[PDB]
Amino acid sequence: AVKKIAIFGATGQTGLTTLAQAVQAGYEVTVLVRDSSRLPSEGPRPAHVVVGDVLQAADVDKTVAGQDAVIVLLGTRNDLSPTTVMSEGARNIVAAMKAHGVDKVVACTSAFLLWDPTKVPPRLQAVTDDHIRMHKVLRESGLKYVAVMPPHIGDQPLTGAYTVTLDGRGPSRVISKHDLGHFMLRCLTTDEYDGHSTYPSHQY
């Protein structure tokens, strides 16, 4: 079974609850954070903290070393400018996983990768472009890759009752951040989603 995991993006909206749920479930969690000040000071906390940047290959390498699996929840917070942080970060993660023999990566992009490209809101296209680039890096890596492609991420409660749609869009346009984190961790316990795109959604 999967015991040691690295989480990238652990200080973000979904990352923080994914981190808390992972520790609750008994995982030995390692995180790469740009600033440990953005990690919780009480409650569930990671077993190992690396402070550094996903754009520094040395920082990614020491985060991935020794893990059983990797969770990717990188993002740009509210910045919708053009970016390559997620795809370049993914390149470094793939290289580190290959060097260290880690084969399982669960990575969040967006449901827009499942949309008709004429329907993607132009204001979100620059971020979506790098989600596309990141997905390409991960799909071409040959690793056991679960492509998590959520719709809008909300702040509704944890339910564990969401629908998981494979290789297409699902019947709701929202997933709570807690349920998205729950699903990321579920993907560590099964291989049934490897090589698929997954769309978690629910009605709250």
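Start at 1 and count along the sequence shown; that's the residue number.
Please compare 33-41 with 131-139 and name the stretch with the higher mean C-alpha B-factor in the deposited structure.
Taking the mean B-factor of the alpha carbons in each, 33-41 is higher.
May I ask you to compare 140-148 and 175-183 by their mean CA B factor in the entry and name the higher one?
So the stretch with the higher mean C-alpha B-factor is 140-148.
Is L16 in the lowest, middle or highest third of its chain when residues are ranked by C-alpha B-factor?
CA B-factor rank for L16: middle third.
Could you say whether, by C-alpha temperature factor, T159 belongs to the lowest, middle or highest third of its chain?
Ranked within chain, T159 CA B lands in the highest tercile.
In terms of the CA temperature factor given in the entry, to which third of its chain does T165 belong: lowest, middle or highest?
It belongs to the lowest third of the chain when residues are ordered by C-alpha B-factor.
Assigned third (lowest, middle, highest) for the C-alpha B factor of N92:
Ranked within chain, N92 CA B lands in the highest tercile.
How does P122 rank on Cα B-factor within its chain, lowest, middle or highest third?
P122: CA B-factor falls in the middle third of its chain.
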